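Report on one structure; see the data block that follows.
Number of protein chains: 4
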Amino acid sequence: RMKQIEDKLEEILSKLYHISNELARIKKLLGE
Amino acid sequence: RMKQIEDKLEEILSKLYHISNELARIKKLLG
Amino acid sequence: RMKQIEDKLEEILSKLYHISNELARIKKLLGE
Amino acid sequence: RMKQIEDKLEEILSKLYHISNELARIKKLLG
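Residue numbers (our numbering), protein chains in the order written: chain A, 76 to 107; chain B, 9 to 39; chain C, 76 to 107; chain D, 9 to 39.
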C-alpha cells in the first residue's frame, strides 16, 4: 500500500535517471 | 543522425508521459 | 504532512508538463 | 540557435535533477 508507493517512487527515480542520461548524450551529440 | 535524436526525443516524451501518469496515480492514492 | 506530499506531487506534475512542452518545442525546432 | 537548444537542454537537465531530488525527499518522508 504505502510501501507499494515508496517502491513505485524508487522505480520512477530510476526511469528519470535514464532520461537525464539520454538527454545528456543528446546535448553532447548536438554540441558536436 | 539528427533523425535518430528526434526519435530518441519522441521516446523520452513518451516515457515522461508514463511517469507523469504514475505520479498522478500516486497523488490519487495519497488523497 | 501527507497533504504536504500530495501538494508537492501536484507541483512536480506541473514542472514535468512544462518540461515535456519544452522538449516538444526542441523536437519541433530540430525537425526544421 | 543550435546553442539556444543546447542551453535549454541544460536548463531541462537542471530542472530534472531538482524534481528527482523532490521525489527522493518524498520517498524518504514515506519510509
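Backbone N, C-alpha and C fix where the C-beta goes; we use that ideal spot for every residue, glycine too.
**Q.** Three-pair Cβ contact test at 8 Å for the region 82-89 of chain A versus the region 29-37 of chain B
**A.** Taking a cut-off of 8 Å on C-beta distances, the region 82-89 of chain A touches the region 29-37 of chain B, as three or more cross pairs fall below it.
Q.
Quick check: the Cα distance between C/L105 and A/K103, rounded to an integer number of angstroms?
A. Their Cα atoms are separated by approximately 15 Å.
Q. Using a Cβ-Cβ distance under 7 Å, would A/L88 count as near chain D?
A. Yes, its Cβ sits closer than 7 Å to a Cβ of chain D.
Q) Going by alpha carbons, who is nearest to D/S22 out of A/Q79, A/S89, A/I94? A) Among A/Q79, A/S89, A/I94, the Cα nearest to that of D/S22 is on A/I94.
**Q.** Amino acids of chain D, ordered along the chain, whose beta-carbon sits closer than 9 Å to that of C/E107
**A.** None at all; the shortest Cβ gap to chain D is about 10 Å.
Q | Residues within the region 91-105 of chain A neighbouring chain D, beta-carbon criterion of under 8 Å | A | Against chain D - using a Cβ distance shorter than 8 Å - the residues of the region 91-105 of chain A are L91, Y92, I94, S95, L98, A99, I101, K102, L105.
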